[PDB]
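Peer 1: Numbered per full-length UniProt numbering, the first sequence spans residues 21 to 152.
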Amino acid sequence: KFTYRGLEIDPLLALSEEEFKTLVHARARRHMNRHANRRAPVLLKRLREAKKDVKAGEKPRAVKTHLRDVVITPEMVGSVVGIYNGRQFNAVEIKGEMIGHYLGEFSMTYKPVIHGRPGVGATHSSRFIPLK
RNA sequence: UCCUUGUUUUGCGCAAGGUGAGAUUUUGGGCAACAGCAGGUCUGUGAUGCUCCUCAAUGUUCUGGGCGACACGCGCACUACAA
């Protein structure tokens, strides 16, 4: 199951570029129009390569990229993509509900913070907090 | 300036009134001595002493990605919006 707009997988695939960018949100539309002229020259190819070659019963071989300014189309669904937070290629597989998004959104770029006791200088009043 | 010849010592001026566009540093600025601080700035400059680094660089990198005064229990400064 998954409904993007009340469309299963096969309808989405069937859509040509025109019919596609009509259906998607405002950002995605704006993106595609402004771009033209490739602008994901390698990031299409590398996926569709390793995608095809699979014997199924398991995911494609992972591909790595730094880029995250590229959309998620119904073409690239099922693949295993790397996305780069500035020190780690991060593992994501592409679901049918990741259509209408970007890549970068699934790849965290910071550790969430959880604190560890405040030291001196926090509290204005002075006690010279032992021991942390 | 003028007058009150008030006040003041005849002096330096002062108070009230008059004249007038304007009445007392007319109103508001800019400039500003002598002696200093071991204040700040080597992130302004082909302003720099001595040191550090130099081809797998601390250089150049307008290269790809992240981070920056932004990441979140909490204290403080200034701002804005309200009851």
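Backbone N, C-alpha and C fix where the C-beta goes; we use that ideal spot for every residue, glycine too.
Can you tell me whether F148 is buried or exposed? The criterion is at least 16 other CB atoms within 10 Å of its CB, across all chains shown.
Peer 2: Translated into the one-based positions of the first sequence, residue 148 becomes position 128. Under this definition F148 is an exposed residue.
Peer 1: Drop a sphere of 10 angstroms on the beta-carbon of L151, count the other beta-carbons inside from all chains shown, and report buried for 16 or more, exposed for fewer.
Peer 2: As a first step, residue 151 is located in the first sequence; it is residue number 131 there, counting from the start. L151 counts as exposed, since fewer than 16 other C-beta atoms from the protein chains shown sit within 10 angstroms of its C-beta.
Peer 1: Taking all protein chains shown into account, decide if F22 is buried (16 or more other Cβ within 10 angstroms of its Cβ) or exposed.
Peer 2: Mapped onto the first sequence, residue 22 falls at position 2. Classification of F22: exposed, given that the 10 Å Cβ count is below 16.
Peer 1: Report the rounded CA-to-CA distance for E78 versus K71, giving the unit in angstroms.
Peer 2: Start at 1 with the first residue of the first sequence, and residue 78 comes out as number 58. Start at 1 with the first residue of the first sequence, and residue 71 comes out as number 51. So the alpha carbons of these two residues sit roughly 11 angstroms apart.
Peer 1: Starting from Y24, follow its DSSP beta bridges and name the residues at the other end.
Peer 2: Counting from 1 along the first sequence, the entry for residue 24 is found at position 4. Answer is none; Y24 lacks a bridge partner.
Peer 1: Based on DSSP bridge pairs, tell me the residues matched to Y122.
Peer 2: The count along the first sequence starts at 1 and reaches residue 122 at position 102. The secondary-structure analysis by DSSP pairs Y122 across a beta bridge with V91.
Peer 1: Where do the ends of the beta strand (DSSP E) carrying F109 lie?
Peer 2: Counted from its first residue, the first sequence places residue 109 at position 89. Residues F109 to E113.
Peer 1: Spatial neighbours of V97 within its chain, please: CB distance less than 8 angstroms, with the 5 preceding and 5 following residues excluded, ordered by chain position.
Peer 2: Numbered from its first residue, the first sequence carries residue 97 at position 77. Closer than 8 angstroms at the Cβ level, and outside the excluded window around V97, lie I29, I114, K115, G116, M118 and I119.
Peer 1: If you compare alpha carbons, which of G102, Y24 and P132 is closest to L87?
Peer 2: Along the first sequence, one-based indexing puts residue 87 at 67. Closest option to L87, Cα to Cα, is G102.
Peer 1: Taking the beta strand (DSSP E) that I103 falls in, what are its first and last residues?
Peer 2: Translated into the one-based positions of the first sequence, residue 103 becomes position 83. Where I103 is concerned, the enclosing beta strand (DSSP E) stretches over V100 to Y104.
Peer 1: Apart from the five residues on each side of it in sequence, which residues of its chain come closer than 6 angstroms, Cβ to Cβ, to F126?
Peer 2: In the first sequence, residue 126 corresponds to position 106, counting from 1. The answer, listed in chain order, is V112.
Peer 1: Going straight from the alpha carbon of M52 to that of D89, what length do you get?
Peer 2: On the first sequence, residue 52 is found 32 positions in, with the first residue counted as 1. On the first sequence, residue 89 is found 69 positions in, with the first residue counted as 1. Approximately 11 angstroms, taken between the alpha carbons.
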